[PDB]
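J.: Here we go, the starting part of the complex in its complex frame:
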Amino acid sequence: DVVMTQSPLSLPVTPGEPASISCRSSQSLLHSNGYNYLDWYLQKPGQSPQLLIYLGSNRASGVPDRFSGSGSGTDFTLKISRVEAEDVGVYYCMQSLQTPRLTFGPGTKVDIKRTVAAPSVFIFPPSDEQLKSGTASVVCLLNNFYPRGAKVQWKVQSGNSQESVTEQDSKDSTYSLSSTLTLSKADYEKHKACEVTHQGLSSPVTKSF
Amino acid sequence: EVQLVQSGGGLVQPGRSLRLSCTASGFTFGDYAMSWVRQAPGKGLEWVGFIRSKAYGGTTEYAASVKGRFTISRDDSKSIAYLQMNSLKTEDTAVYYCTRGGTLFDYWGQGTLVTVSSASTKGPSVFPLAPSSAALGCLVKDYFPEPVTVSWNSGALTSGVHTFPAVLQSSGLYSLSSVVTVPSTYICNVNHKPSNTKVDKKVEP
């Protein structure tokens, strides 16, 4: 009688506009007299998470009043009257009809809504020091491909690969990714090429050696 | 207000113990569980031991996939919640922190990062990019132990510069990048605690 949880998993927001998050279960969380055993948790980036609201609508002290909870049965909703710039974090539902409950899972994410941008892919051939010392490396920097949806294929066909990520760092929602392929030149000579496709940039831009 | 004084951490080296503990004040220990959550780097967090301890029952309730490996321990009557960490493993490198409840994880606190591994080195790479027809940067391949600061021209220009933290990757290779954007003289000197390199790079297509 385990109960799953889920959320829209994506909700870019803007200041001033309200927000809403839905969260559904598999079985009713009611008790002998109701009081659904549901809790909400929020984690801001860089600090440990803190409790937001418990037992349906029982918003704890210290939490701003802009948050509100509602729902029952197998469906609940968290509403924010006005969204500000100090909350990005992550939000998780939590049930209390059980106890062996593991990690929340995916939960949901909050970001700043903004116009879709496009990447500017730059490819850099490996230098002489890597070739003469050990393996080689090639980068496929994306350079502000906002929003998310980065992908790489390395068409030759491609085994091990490495990548990094960028966050809501300074302005205009800049996101970037890099590639760190490892391979000797002898077996790299077979091919002369990373392919990137974006939800905004329809063309799968491909760069060669 | 300040009942989370969690402290500890170190390199450990596989096959060792640890002195992870958190101190509390203000409230009363006798009517509170402890709980323990560890957050993996770049992954979701999970309960360390499913603690559900202290109070009248005074049970242990170790979590699954532990079987005493993480040494529940959990001394109580010293205003402390020290948890032993003998017989560690390279996998469980994460940030651990305590809690102020059994099922209501209401009050949290600052965690401690513990890493149990040994890889990479202090070897820079100053990899040039050589644009053909507005990209430039350095791709230092080894910077362990962490952290390492990277500067450009000892100040000067700072726009369009990204630190770009990189994954540990296979063999524990600690890599970094700079990817500074310039149009149409450039030093990416790298500073580390043991020694200094201070080597520039010029990109020619």
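T.: Nice, thanks for sending it over. Residues are numbered from 1 along each chain as shown, chains lettered A, B, ... in the order given.
J.: which one is residue 105 nearest to, not counting chain neighbours?
T.: Here I'm looking at chain A. Here the nearest residue to residue A:105 in space, its sequence neighbours aside, is residue B:44; by C-beta to C-beta, 6 or more residues apart in numbering or on different chains that works out to 6.9 Å. (C-beta placed from N, C-alpha, C; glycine too.)
J.: ah, I was thinking of chain B
T.: Spatial nearest neighbour of residue B:105, chain neighbours left out: residue B:99 (4.9 Å); criterion: C-beta to C-beta, 6+ apart.
J.: roughly how far apart are the spatially most central residue of chain B and chain A?
T.: Centroid-nearest residue in chain B, with C-alpha atoms, centre = their mean: residue B:113, separated by 4.6 Å. With distances taken as C-beta to the nearest C-beta, to the nearest Å, residue B:113 is found 13 Å from chain A.
J.: Then residue B:192?
T.: 18 Å.
J.: Same question for residue B:106.
T.: Going from residue B:106 to chain A by C-beta to the nearest C-beta gives 4 Å.
J.: where does that residue land in three-state SS?
T.: Assigned by DSSP: H, G, I helix; E, B strand; the rest coil, the conformation of residue B:106 is coil.
J.: also put chain C on there:
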Amino acid sequence: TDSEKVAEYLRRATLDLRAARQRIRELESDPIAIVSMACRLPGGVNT
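T.: Below is chain C, added to the chains above:
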């Protein structure tokens, strides 16, 4: 059992109730304090 959950929820509710009562008291019955005074009175009084 379920006793622990009920006890924890009751304690959190009581804590919130105490905070609310303190807020109400500070709003409606907060004592005020006098710092200093000055006066001019018939005859030579001043201080």
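J.: In which helix or strand does the residue nearest to the centre of chain B reside?
T.: In this structure, residue B:113 is located in strand B:112-114 according to DSSP states H and E.
J.: Where does residue A:143 fall, secondary structure wise?
T.: Assigned by DSSP H and E, residue A:143 falls within no helix or strand.
J.: Does it touch residue A:123 like I think?
T.: No. The criterion here is C-beta atoms under 8 Å, and residue A:143 misses it with residue A:123 at 11.7 Å.
J.: So the two - more neighbours on which side?
T.: Between residue A:143 and residue A:123, counted using other C-beta atoms under 10 Å in any protein chain shown, the more crowded position is residue A:143 (22 against 19).
J.: In space, what's closest to that one - neighbours in sequence excluded?
T.: If the residues on either side of it in the chain are set aside, residue A:143 comes closest to residue A:120, at 4.3 Å by C-beta to C-beta, 6+ apart.
J.: what's the closest non-adjacent residue to the residue nearest to the centre of chain B?
T.: Per C-beta to C-beta, 6+ apart, closest to residue B:113 is residue B:95, 4.6 Å.
J.: what about the residue nearest the centre of chain C, distance to residue C:14?
T.: Residue closest to the average C-alpha location in chain C (C-alpha atoms, centre = their mean): residue C:26, at 3.7 Å. Per C-beta to C-beta, to the nearest Å, residue C:26 is found 19 Å from residue C:14.
J.: Include this sequence as chain D:
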Amino acid sequence: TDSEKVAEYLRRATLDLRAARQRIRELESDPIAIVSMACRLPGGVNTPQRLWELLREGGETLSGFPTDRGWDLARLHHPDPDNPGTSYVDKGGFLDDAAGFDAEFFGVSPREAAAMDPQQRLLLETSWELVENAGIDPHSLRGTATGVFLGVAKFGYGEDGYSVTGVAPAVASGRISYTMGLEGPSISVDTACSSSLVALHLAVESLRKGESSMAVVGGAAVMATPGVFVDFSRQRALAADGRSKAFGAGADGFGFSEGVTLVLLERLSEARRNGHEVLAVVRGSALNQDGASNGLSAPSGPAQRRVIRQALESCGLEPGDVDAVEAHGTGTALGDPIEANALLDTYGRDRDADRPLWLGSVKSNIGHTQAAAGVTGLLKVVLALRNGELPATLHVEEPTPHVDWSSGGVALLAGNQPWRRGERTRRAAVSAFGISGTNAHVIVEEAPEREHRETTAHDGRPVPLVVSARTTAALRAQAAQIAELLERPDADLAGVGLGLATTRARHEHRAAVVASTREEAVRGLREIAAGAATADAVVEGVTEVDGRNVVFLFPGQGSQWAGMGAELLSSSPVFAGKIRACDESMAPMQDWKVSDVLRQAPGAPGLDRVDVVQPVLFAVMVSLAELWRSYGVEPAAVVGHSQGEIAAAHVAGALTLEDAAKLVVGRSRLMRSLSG
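T.: Following on from the chains above, chain D is added here:
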């Protein structure tokens, strides 16, 4: 149970937490409903008449320096602005009559009435009118906890006897509470042109602290002496052609004449519970000081921006939720650009995109009106909510070129704009800036919609029409107005003697008329002030004791009418119920039914045998008492005799119905053996 008491404690804790948070929210903020209004502006009474009528077009500034007052003329006016003791600009509106008073109605000696500032007299009249125009009987407010929070300034004095002359021009005139009999706090504030506004603020706090139930807020002026018109003329501030122009191409700052305004405020929940009428809602206010400016009398923009933002934050609203703002006009060469710039800075910045913030000013049409200016602005805004139109007078075409009027979403109200109800609940704001340097801002909101009602009447159903309170007013004469104030073009019922505010306890005189066809008041009752009537009750009561003791009589034996009426049996329900109950009580011993005899139905016995006559009368008499008692007439010493001794005993409660009935029938039957 160990698993149940904890659940009960948890439920109690949750309920208490919810109640505590609701109480905190109520304390920190609470809508305040405006119940009624009354005003006395120079040229005409109040509400519609001197408003939505005049405000449609405008005019005013009738000039005409008053001649009733002393005011030595031909000396104040002189063309030279630098003349020592004269003053230019002889225009400027004024009250039609300021020396009018009733005196005897409020119970003040004419000697004391003569030595009495006109502000107090006008305030008394306006307060009585305000209480009257609210559906609340003024005499019931005695002993309540209502307070007065007004703002009044001292304007001249009589430069020319055991008392008075030290208490009439005393500024602190809370004698309204003395005459009416109130118990709430009485406060008279003074903060220059914004006084009324800050006064209002104080009242709100009291209404949220529970120390007062309803509040009276307003202001007044009389301009008794020439005074200001001279002094400001020596300052070269007041300018000729005293039509004040706001945001235009003129600079006068004209100090217009007197005006009295009052409003009544009550907490919204109490107003809904009692059942009063709500016109508009106040839900936030803010006050501040200009601080250290470049002069004692000089506006400061930053202070205005700060107070506006503070008021918006206190209301918990957004700057984009306000559609119209009433400005502190005071048309000068410096205040208007500063106010316009401040409004553009705070309410501007991409307001909507297409919706502009309408701007207006009452003072461009009615004058400065001295201390009662700010509350006067309210009298505009609320009416805009009750007519779906913005009364945009603003008698000036070309805007001020100093301020960047274009490139913004703040449009001057040149013509007229529809203000219909519907979505996007209407809101408005008012502001005031005093000479001393105190600034106030207030936000008002439209009232919730609840208007369904029902339709009844139009049947025969004779309706009493007790006079509209023939009162202590001269024992005569005033009846005239009551005779003529009841002129009905097309209406019905209009219960005046009802709990309706007009009650006035009919102080001493009283009168009545009962009909269901037409007015008939312009008949004899009208000329009762100088003549007689035909079939209408006229009384010269002195209310010796308002509640008289009550006694009844109960002797019959000789009434012997031809059937004790039947229409009241069909119409009045209590009479029929008592008759039926008596008939049921007497049924199981005798065969006759009193109702059948009363209705004169076929087969009923004649009114000759005593065995029928004596009981039937009894069955009537008690019922009549049941009717009288049904109207709040409770007897004390029933003293009726003869066969009515038993009826009086039954009314006195010493006997039961069936016992009295059986005694009556047995007595009649046993007496029947004797005849002739």
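J.: picking up where we left off before, can you identify the element that follows the strand holding residue B:113 toward the C-terminus?
T.: Taking DSSP H and E as the definition, the helix or strand right after strand B:112-114 is strand B:149-150.
J.: re earlier: any idea how far residue D:27 is from the residue nearest to the centre of chain C?
T.: Residue C:26 is 11 Å from residue D:27, by C-beta to C-beta.
J.: go on, residue C:6?
T.: In this view, residue C:6 and residue D:27 are 32 Å apart by C-beta to C-beta.
J.: Residue B:134 now?
T.: 61 Å.
J.: Next: residue B:74.
T.: Taking C-beta to C-beta, one finds residue B:74 at 46 Å from residue D:27.
J.: what about residue A:21, which SS state?
T.: For residue A:21, the secondary structure call by three-state DSSP comes out as strand.
J.: Touching, it and residue A:91? I think so.
T.: Yes. Counting by C-beta under 8 Å, residue A:91 is a contact partner of residue A:21 at 6.4 Å.
J.: ok, the two, which is more surrounded?
T.: Ranked by neighbour count (other C-beta under 10 Å), residue A:21 and residue A:91 place residue A:91 first, with 21 against 18.
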